[PDB]
Each structure stands twice: as C-alpha cells, then as structure tokens.
Amino acid sequence: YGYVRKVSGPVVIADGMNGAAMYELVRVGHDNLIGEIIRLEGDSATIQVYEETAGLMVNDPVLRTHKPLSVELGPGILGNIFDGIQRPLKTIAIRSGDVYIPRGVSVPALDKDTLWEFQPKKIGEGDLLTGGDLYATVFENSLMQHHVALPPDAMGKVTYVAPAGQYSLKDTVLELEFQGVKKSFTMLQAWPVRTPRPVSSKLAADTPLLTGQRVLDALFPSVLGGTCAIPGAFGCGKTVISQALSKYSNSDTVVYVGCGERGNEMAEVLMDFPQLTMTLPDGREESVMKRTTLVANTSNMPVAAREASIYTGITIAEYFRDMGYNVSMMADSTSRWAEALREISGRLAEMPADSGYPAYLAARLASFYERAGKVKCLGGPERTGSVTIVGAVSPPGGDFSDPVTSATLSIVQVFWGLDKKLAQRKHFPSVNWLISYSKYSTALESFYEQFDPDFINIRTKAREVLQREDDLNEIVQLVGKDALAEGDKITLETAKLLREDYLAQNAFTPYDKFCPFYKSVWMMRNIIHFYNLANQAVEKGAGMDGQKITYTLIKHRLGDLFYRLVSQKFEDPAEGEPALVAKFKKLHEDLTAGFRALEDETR
Amino acid sequence: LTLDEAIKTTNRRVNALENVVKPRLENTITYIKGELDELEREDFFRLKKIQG
Amino acid sequence: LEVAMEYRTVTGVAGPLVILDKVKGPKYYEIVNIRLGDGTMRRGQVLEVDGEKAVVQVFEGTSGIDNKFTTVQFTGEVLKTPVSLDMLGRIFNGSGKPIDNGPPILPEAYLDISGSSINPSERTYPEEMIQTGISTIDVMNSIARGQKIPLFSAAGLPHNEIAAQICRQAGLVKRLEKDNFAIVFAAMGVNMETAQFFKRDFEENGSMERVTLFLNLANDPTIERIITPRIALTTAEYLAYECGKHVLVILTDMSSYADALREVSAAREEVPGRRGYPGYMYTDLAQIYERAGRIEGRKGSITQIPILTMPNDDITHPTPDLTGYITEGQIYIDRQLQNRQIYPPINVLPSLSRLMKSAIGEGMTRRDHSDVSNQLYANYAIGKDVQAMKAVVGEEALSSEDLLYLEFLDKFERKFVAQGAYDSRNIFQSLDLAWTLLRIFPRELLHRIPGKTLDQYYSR
C-alpha cells in the first residue's frame, strides 16, 4: 500500500499513508516489522518500528492494519514469557531451533491448537448475557482457574452455548444475537493496549497487602489495589521485595513486567522462578509459574518497545482483575521508560522541558498509575478484583528532584524509599524509615482495629521513638552521650533494638524468610511495652537514684529479658501461630515481671 | 579546662567549618545554574535556529 | 444566528496538536469540537493561528485521528462557563460537566473565564476573621477575609486531610459579635484514591449548601487541569461580587497546575523558561491569585488558601519561591511534626501571616488575641531553646523556669496543636485553651502580655 521515504534510527517516515490514523499499527518492509504511527504531516506518517531498522530501503512497501496496538488475551496467558510486543518467547525458541530471536518473526501470542477443557457456567439457550458476564470457567492449571468472560463491547441473547468438553481457541464456544444480528465468540479476546478495560465502579481499598517483609507490612503498609514506588535498588529492592511480592504475598497472581533491565538479572529471575515452590494454597506446594507471568524486555531491546511492554503488562493485570483475582503487578521499569520517552521525543524533534524530559511525562505516568485500584467488575455474577502497581524509580543516587521521581511521588500513594546509606551498612531490607510514607494509613484503620485494637498506639510510639533518636543523633554528633539523661538513653537503647531486631530481615533463612503479621505485631508490642515500662521505672526514681542508675540496673541485672527481646526475631514461623503467640505472651509476662521486680527493692 | 575546650571548638566551627561550607555552596550553585542552565538555553536556542 | 462551519481539512497530526489547513477567519482561543471517523466526539482548544491555519490542542489525546475522516467543527467561543446561583452543593468535573448524578447547570449568565482584573482604586483593606476550626491557624497565624495565604506542603504530607478539615469546619467568627459563606473547593490533579476521599467528604459533610467541588483527576487531560482553577475562580467571583456572598476558595496542588502550564507551553514550541518552568508562570499565578480581595462597592469578598506542594521539601523551588512574593503569608506543614504523630503538623513558629493584625481586634474576635498570640509564640521559642539546652546540659542545672517552659512546650505540642480530625473548635474556646496553657506561668512572668488583660483573664 504505502512505501518508505526516510529511515533515521527507529523513526521511519512513509509517504502515501493518507488515511492512516494515529497509533494505527503498520507493517514495514519485506521482513514485515511491526510498527506504530507517532506523527503525521500529510500524505506521510511517522512510524516507530519496535525493531532494528537496519536494511530498510526506499520505496520498500509498508502495509497498514487499521488496528491500534493490541494484545491477544485468553487461556494460557499465565505462566509465559512475552516480548514487549507480546511474542511468546519459549514458542519462538522451540518452533525455530535457532537460539536467537529472528528479525520480523510472526508468531501468534497464544497457541491456537492446544486443547483446553470447557466448563460452561449453567448458561441456557435463549438467555440474556452482557459485557463481562462470566459464562464459563477453564482450569488453565491446577490451583489457578481461569474464568472466561464476554468482552465489554458485547451483548446479546444466548442462541448457542458450547457444551462441556475439550475445546481449542479456533472453535466458537458461544453465540449471541443482538439488535437483529448475531455475532460469534471464541476463547480469544483482542484488546487495545491503551484505553483501560471498563469497570462498573471503582472502590476504596480496605484490605492490606500484608507482604512478607516486616517493615513494609508494619510501618509503611500498602493496600490491595494500592500504589507503591521503590527506587529500583539491587541486592535489596528489585530482588528481595520482588521475591516477597511474588512468592510470599496474598495477591492471587503476579505479573512481572520489568523491562529495560540487565539481561543476566532477567535470566536469573527466569531460571529461579520455575522452581519457586511457594505454599500459596493452604496445604499445597504448587510452583508459582502456574501463578505469574513475565513481559521481560531487556535493555538491548528496541527503545520503542518500553511503553508497549508497560502497557501490555497493565492490560494483562486488567484481564485478571476483571475475572476476580487480586493481581499485583511489579514493574522494574519506569526508570528506563523515561529514557525511552526522551529518546523518542528528541528523535521526533519535540521541544524538551525541565531537565530535558518531555513535558507530558507526568501525563503518561498518571495514565499508567491511575489504572490501579480495586474495582467492582462488569457483568454477572457480581464480583470484585484489584490491581497493584509496585513500580520502580531511579536508584538512591539521585535526589527527589529527578523529574521521574517527582512525577511518581506526585501520584504514588506509598513510597518505600530505600536509602543507599543503609545498603552500604548492609542493612538488607534497606527502607529509610524517615523519608518513606504511606497515605493508606487511614483506610487501614478498620483492619488494624479488628486485628489488634492497640496496634495503632504502639506503631505511633515506635514512630515517635525513631524520630526522637534521629533527632538527637545530630546533638550526639556534637556533644556526645555524656549529657544524655535516663529518658534519652533508654530511648536510644530501644531505637537500636528496634533497628537491629524489628527493621532488619535476612530473608535467606526461615527466621526472616516470611514474617506473618501476628509475629510482627507481637515484636512491636513487646518492644514498645519494654520501652514504656523502662521509662516509667526511670521516672519513678526509687532508691534515691532511679534515672540512668536504674537504666544500668535494668541493662545489667535485667539484661536477659533484653537479650530475649533482641533474639525474638528468630521465632520460627513454622512452629505455628498458637506456639509463637504463647512464646511471645510468656516473654511479655516476663518483661512485666521486670521493672516491677526491679522496683521491688527500690533499685 | 572545659570552657577552653568548648570555646576552641566553637571558634573553630564559626571560623573554619561554616566559612568552608558556604563558599562550597556558592560554588555548587554557580556550577549548576551558571553553566548547566545557561547551556540548556543555548542548546535549545541553537535547535530553534536550526528549525528556523 | 451563525452556524459555525465544520471544516474537514486536517493536514497534520502530532502529539496533542492537530493543524487545520484552510480555516476561514479563526479566533485565537476558540473552542472546537471534533467528530472522528468512528463517530466519537472530542473537544479541543485552538492555539496560535496563522494564515488560514489553526493549531488545535485536543483534549483526551489524539489517538485514532486520521487526515481524511476527521471533522473539526468550530464554534466561535472562548469557553464561557455556565454560572448560576444553584451551582452550589454539587460536584463538578474538571471541565465543568456535573458528575453528581444531577442535571447540567441552567445558567443565569455565561461568564467568560479569566475575568477582567479589579480596579486597584476600588479595592479595600481586608477586615474581620474567618474561623477555620484549627487552633494553630486561628490563634497564632490568624486569617482575615480577603487574604491570599498559601499552605505550603510536600509530597507525602497530609495536605488533603487539612484541606478537607478546612472545607468542613470553615465558618464566620462573627457568631458572638452580634449565613452568607460559600466555599468554592478546587482540586487539580488529585490522586485516584483521594478522589474517593473528596467524594466521601463532600457527600456526608452536613453543610452541602455551601461547597462546590470542582474536581480534576490526575489521569484527566492536562488542559482540563489548566481550566479547572480558572472555572473555580470565575464561579467564586460570581458568587462573591455578583451575589453579595462571602466566599472562600481552596486551590489544591497548584504545583500540578504549574506543571500543566509547563506541558501546554512546550507543545507550542516555546523555549522553556527559568529552571524549566515558563517565564510567564509568574504572570499566570498572579492572574490566578489577584482575583481575590475585597471590593468597596460590593459586600462580598474572596479569600484564598491555595495549597502548594514544595518539591524536595525546600522553598528554593521556583513555584514556592515565586508565589512567596505574590501572597502575604506561609503556613508550612512540617515533616518532623508528622513523624511526631501530631495530626495537624503545622510548624506554627516558622509559619506567619504578613497581615494577621487585621484579624485581631476588638469589634471582631476578642480583645486578648494579639497578646495571647505573641505570648504563645515567645513561650514556644523559649521552650524549644530550653529543650535544645537540656539536650546538652544534662537537665540537672535547669532552673525552675526552664522546667516550666519544657512542660509548656510538651503540653502545647500534645494538647493544643494535635487537634482531632473532627474536633471543631470555635475561636473563643481555642483562646480559652490558650489561656489554660498560659496560666501555668506566674502572672508577672508573662512579660509580653499588656496590663488590664492579665487581671481580666489570668484569674481563670
């Protein structure tokens, strides 16, 4: 139809387009490279090529497709690895024996010949169905059922529904008639990558994430369907938090879309997650590959593919939320994505903005993030599902003045700001508790109240202790601990105990691999109770000394309780809640025995 | 003795440390605004000239 | 009486812009509706025009537009927002379309936004106080009907909670002195979750006959975020000077508004200004603010409390440093106070009102307002200094007055500033609390308090 005129980098200007709408995917050259339109100037239209452009001719034919960037949905989408343009990577590696990814490969996103079992949900002939109604369920794999729903833009009366049995995506499982005309439906569902899926109404989240790590789940919580941002740090961050959110989280499934990251790290993730025998069910050890999905696009991948990867990832989140699961999507991208925007904007000769990033960066980041949030689904039955966006930010080497960082913090609700100083000190969870925040602390009031009606007060006391210690650290840096009084000394002792016991976690051992909420809240209550009792004791002033003398008395003649407090982190979760709860209650009773026995003889 | 030590520390902080830091802050401000901001406008101005 | 021509001469699409070919006699800031090939409708604004050319910035993006099937039907207008007295008590979208499941506004007038400026001869000094219910505001940093007082905040700080509290508890102090109070509430570029918070607060407030929630989400198109504060200011101006009603306006996250202006300016190929923000951003913010003030010929007034986010938790940022000159105050939200778990974290000692003296007086408010304000300020400073000293002197050598100031500081932080999210406090009982804290010191110790006031109130 149309022919190439100009080829500069990944930007191709093809004349003769005429009626070629924006973002209408076109296919370029004899090799048939995918490609999306980015600008128009008349009979010619700019194209992004999503692939290497070396070898393009002049007057090399370009074919239009009239379809915007679309990802193919349906069964088998779970547990696969897709390129940014949604090509099945394993399918390419097997179908073609070559270990490389050939230029311009045309493989269907989902296999069209695998036999899938069909279980209709009691839909009768002549019945009325509507957009997103859940007419059949397919067990894509054990422990993860896949409901099949009509597309949001579909309705009609059920003239024919296929019976239960083995079906393939090429078959018509359902028929509808509407407005005097009939339409057919298969198990596939193509959807534009942008234009988020429709929602009956959004909702305000109440359930917390309750992730494995103690700091995240206790100090700076996140809600299901929430929105987070970590500064994409390594060793910590992109590895430990990713593992916690994948294999040790209450989200019903995972969608890892980390693009623009190192190839070795991607290979390590893609080789470690295959085993990954997380106990997601109550008593089953099913591998999480039956639960997750990768949209990996390495750094060497074409620059124009980053946005496609991000949007396909968030679109896949939407399909699952629509079925009902509480998906949680983690994006190691959005640090390379800003670079992708800079590259395309500069090549498209757009006028730059503050710090050289395109002026519309905030708009794009908003249009991405605001697709989170738990949502009341379409169709029948009534249902609910959520999508969580735990994205990535520039590593802690640049201040928050970074335009990507400022744009994220202008939208993101929970900031797990990792600090590089903690990473130097080898504190592995590495969350800086002074700069992090969680605006969800108010909505979680009901859950905290019902779980433990006194957790809010102990959390506030812990925050006050940490802030007081960080405040007088500067004073100590000038004068020293010589002038520190009893209250200051006990506050610093409790802060050090909290820092090394509570806020740390190894995550490479059963002690800290996954800390349940009850164990964390019990540690917090124990530490805060010790702090309060010690402060009351040093305020009593009995024995004519009290004060720091009583502090030394409780640190020497009562230090076994202190050692048990600092070793409480090692309570093995495998022992079960009825055992660990009893152990912590006994430790609390012993602590109450102290500061009363210590007050018996008036110090 | 304690007053002598404290006075020495205070005088050192007033004379050396603060007067060391403030020139550093001024130089850092000048390096960023005086050069990077000026270059950014010049780069964009040359680009606009190329377009014209 | 003229039906606007529907040109179909799209001859170039790029980003948010579309360039028409041969429009006959356009208008610079005209408003145009687009009917795409698929039949969907988009509304766009006209930017710089030229010979038969007119670059159109399109709302909701420009995806799907084609240069042979898209019609661009002009209107010949400059976005006259519909304005009426029944606009109150309803939530509106960014562009003004109601989203409160109600009918569109039946207008008593079509006022063009970006209204003409007030004649400086016709202005009048602001007077009387405006009760907000927060003790830290109405005692030490008093607010007067007619001020333009920013509320400087930062990312993560609970700016929106304070906004909701101001929206609910705002009232007129003159209750005991012896209902024409309306709160145009504008929110620009809020998060997706805080939208639910605002909807809940404005759907169960209990005084809905007063507020009008212009709401513009983050994922809404940017040009809507530019127009939203202008729509809000126009509606407030109408309800103030064209309806004789006292009006309060809260602009939320005008840093987002500045970013939106930056986004629009770049699309017009204009060179970016100082520090990235356009140079005309000073003019834009002056245009937004100066619409307030008290008019001699009218009984109404406009008082602004614009909430501004200061990036990087510093004031050197171009937007806060720029708005500092235009306005006459600064009510900072302090991160450390938020860490200290004091719900209103307003750093009272750094905060000040450049014209707080007008609110304090005899006719309005109470006689002892200035005295108690100054005494609280001075005593807080002294308490902070004494705490700093006790951090290094061991606290054994502190005199009795030092301990008095320490306990006063603790009480002021934990009993006065830490107001509840719903504990509405009249200025009289707020001053009673201030006197409760003050009376700890001996009557002779309160040096800053003038005579005939201690004898009146120190006896409790």
# chains A, B, ... in the order shown; residues from 1 in each chain; ligands from 1

call {"tool": "select_by_dssp", "arguments": {"residues": "stretch 309-443 of chain A", "states": "alpha helix (DSSP H)", "output": "VMD selection string"}}
result
chain A and resid 309 to 323 336 to 347 361 to 369 403 to 409 420 to 424

call {"tool": "interface_residues", "arguments": {"of": "chain C", "to": "chain A", "cutoff": "6 Å", "atoms": "only C-alpha atoms", "output": "PyMOL selection string"}}
result
chain C and resi 11-14+63-68+191-192+218-219+263+269+276+312+340+392+394

call {"tool": "residues_around", "arguments": {"residues": "residue A:131", "least_positions_apart": "2", "cutoff": "7 Å", "atoms": "only C-alpha atoms", "output": "VMD selection string"}}
result
chain A and resid 133 150 to 155 378 to 379

call {"tool": "write_last_selection", "arguments": {"atoms": "C-alpha atoms", "output": "PDB file, in the first residue's frame"}}
result
ATOM      1  CA  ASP A 133     -20.554 -11.797  32.186  1.00  0.00           C
ATOM      2  CA  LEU A 150     -17.564 -11.855  27.203  1.00  0.00           C
ATOM      3  CA  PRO A 151     -15.730  -8.746  26.012  1.00  0.00           C
ATOM      4  CA  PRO A 152     -17.047  -5.471  27.458  1.00  0.00           C
ATOM      5  CA  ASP A 153     -18.232  -4.365  23.998  1.00  0.00           C
ATOM      6  CA  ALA A 154     -20.503  -7.399  23.526  1.00  0.00           C
ATOM      7  CA  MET A 155     -24.099  -8.284  24.365  1.00  0.00           C
ATOM      8  CA  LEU A 378     -18.578  -5.872  34.870  1.00  0.00           C
ATOM      9  CA  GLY A 379     -21.312  -8.426  34.157  1.00  0.00           C
TER      10      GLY A 379
END

call {"tool": "interface_residues", "arguments": {"of": "chain B", "to": "chain A", "cutoff": "12 Å", "atoms": "only C-alpha atoms", "output": "PyMOL selection string"}}
result
chain B and resi 5-6+9-10+13+36-37+39-41+43-45+47-48+50-51

call {"tool": "write_last_selection", "arguments": {"atoms": "N, CA, C and O atoms", "output": "JSON list (two decimals), in the first residue's frame"}}
result
[["chain", "number", "residue", "atom", "x", "y", "z"],
["B", 5, "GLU", "N", 38.21, 24.16, 76.11],
["B", 5, "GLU", "CA", 37.95, 23.20, 75.05],
["B", 5, "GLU", "C", 36.69, 23.58, 74.26],
["B", 5, "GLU", "O", 36.69, 23.57, 73.02],
["B", 6, "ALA", "N", 35.62, 23.93, 74.97],
["B", 6, "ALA", "CA", 34.38, 24.29, 74.30],
["B", 6, "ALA", "C", 34.55, 25.55, 73.45],
["B", 6, "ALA", "O", 34.01, 25.63, 72.34],
["B", 9, "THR", "N", 36.40, 24.69, 70.28],
["B", 9, "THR", "CA", 35.52, 24.03, 69.32],
["B", 9, "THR", "C", 34.55, 25.01, 68.67],
["B", 9, "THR", "O", 34.34, 24.98, 67.45],
["B", 10, "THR", "N", 33.97, 25.91, 69.47],
["B", 10, "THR", "CA", 33.00, 26.87, 68.94],
["B", 10, "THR", "C", 33.67, 27.83, 67.97],
["B", 10, "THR", "O", 33.12, 28.15, 66.91],
["B", 13, "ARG", "N", 34.37, 26.04, 64.72],
["B", 13, "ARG", "CA", 33.16, 25.87, 63.93],
["B", 13, "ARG", "C", 32.75, 27.18, 63.27],
["B", 13, "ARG", "O", 32.36, 27.21, 62.10],
["B", 36, "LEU", "N", 25.02, 24.89, 33.64],
["B", 36, "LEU", "CA", 24.07, 23.93, 33.08],
["B", 36, "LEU", "C", 22.82, 24.62, 32.56],
["B", 36, "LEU", "O", 22.34, 24.33, 31.46],
["B", 37, "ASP", "N", 22.27, 25.55, 33.35],
["B", 37, "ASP", "CA", 21.09, 26.27, 32.91],
["B", 37, "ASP", "C", 21.39, 27.12, 31.68],
["B", 37, "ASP", "O", 20.59, 27.17, 30.74],
["B", 39, "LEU", "N", 23.74, 26.56, 29.43],
["B", 39, "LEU", "CA", 23.93, 25.66, 28.30],
["B", 39, "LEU", "C", 22.60, 25.15, 27.76],
["B", 39, "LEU", "O", 22.41, 25.05, 26.55],
["B", 40, "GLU", "N", 21.67, 24.81, 28.66],
["B", 40, "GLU", "CA", 20.39, 24.26, 28.21],
["B", 40, "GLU", "C", 19.66, 25.24, 27.32],
["B", 40, "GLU", "O", 19.10, 24.86, 26.28],
["B", 41, "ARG", "N", 19.63, 26.52, 27.71],
["B", 41, "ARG", "CA", 19.01, 27.52, 26.86],
["B", 41, "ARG", "C", 19.76, 27.66, 25.54],
["B", 41, "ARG", "O", 19.15, 27.78, 24.48],
["B", 43, "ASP", "N", 21.64, 25.40, 23.97],
["B", 43, "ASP", "CA", 21.36, 24.23, 23.14],
["B", 43, "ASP", "C", 20.00, 24.36, 22.48],
["B", 43, "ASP", "O", 19.88, 24.18, 21.26],
["B", 44, "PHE", "N", 18.96, 24.67, 23.26],
["B", 44, "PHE", "CA", 17.62, 24.80, 22.70],
["B", 44, "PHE", "C", 17.53, 25.97, 21.73],
["B", 44, "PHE", "O", 16.81, 25.90, 20.74],
["B", 45, "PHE", "N", 18.24, 27.06, 22.02],
["B", 45, "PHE", "CA", 18.25, 28.19, 21.10],
["B", 45, "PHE", "C", 18.87, 27.80, 19.76],
["B", 45, "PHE", "O", 18.35, 28.17, 18.70],
["B", 47, "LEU", "N", 18.94, 24.81, 18.54],
["B", 47, "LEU", "CA", 17.99, 23.91, 17.90],
["B", 47, "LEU", "C", 16.87, 24.69, 17.22],
["B", 47, "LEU", "O", 16.48, 24.37, 16.08],
["B", 48, "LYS", "N", 16.34, 25.71, 17.89],
["B", 48, "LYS", "CA", 15.31, 26.54, 17.29],
["B", 48, "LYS", "C", 15.84, 27.26, 16.07],
["B", 48, "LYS", "O", 15.12, 27.43, 15.07],
["B", 50, "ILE", "N", 18.14, 26.06, 14.08],
["B", 50, "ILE", "CA", 18.20, 25.05, 13.03],
["B", 50, "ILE", "C", 16.82, 24.84, 12.42],
["B", 50, "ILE", "O", 16.67, 24.73, 11.20],
["B", 51, "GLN", "N", 15.78, 24.79, 13.26],
["B", 51, "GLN", "CA", 14.42, 24.64, 12.74],
["B", 51, "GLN", "C", 14.02, 25.82, 11.87],
["B", 51, "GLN", "O", 13.43, 25.64, 10.80]]

call {"tool": "interface_residues", "arguments": {"of": "chain C", "to": "chain B", "cutoff": "9 Å", "atoms": "only C-alpha atoms", "output": "number ranges by chain"}}
result
C: 269, 271-275

call {"tool": "write_last_selection", "arguments": {"atoms": "C-alpha atoms", "output": "JSON list (two decimals), in the first residue's frame"}}
result
[["chain", "number", "residue", "atom", "x", "y", "z"],
["C", 269, "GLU", "CA", 7.31, 25.08, 20.67],
["C", 271, "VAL", "CA", 11.52, 27.87, 24.71],
["C", 272, "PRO", "CA", 11.35, 26.74, 28.37],
["C", 273, "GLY", "CA", 11.96, 29.41, 30.98],
["C", 274, "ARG", "CA", 13.98, 29.55, 34.17],
["C", 275, "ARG", "CA", 14.54, 26.16, 35.84]]

call {"tool": "atom_distance", "arguments": {"atom1": "atom CA of residue C:217", "atom2": "atom CA of residue C:96"}}
result
12.8 Å

call {"tool": "residues_around", "arguments": {"residues": "stretch 57-65 of chain A", "least_positions_apart": "4", "cutoff": "9 Å", "atoms": "only C-alpha atoms", "output": "ChimeraX atom specification"}}
result
/A:1-7,14-15,17,20,24-30,32

call {"tool": "residues_around", "arguments": {"residues": "stretch 246-262 of chain A", "least_positions_apart": "3", "cutoff": "6 Å", "atoms": "only C-alpha atoms", "output": "list in words"}}
result
residues 211, 212, 242, 243, 265, 278, 291, 292, 293, 294, 295, 296, 297, 298, 299, 313, 325, 326, 327, 328, 329, 330, 331, 332, 333 and 336 of chain A
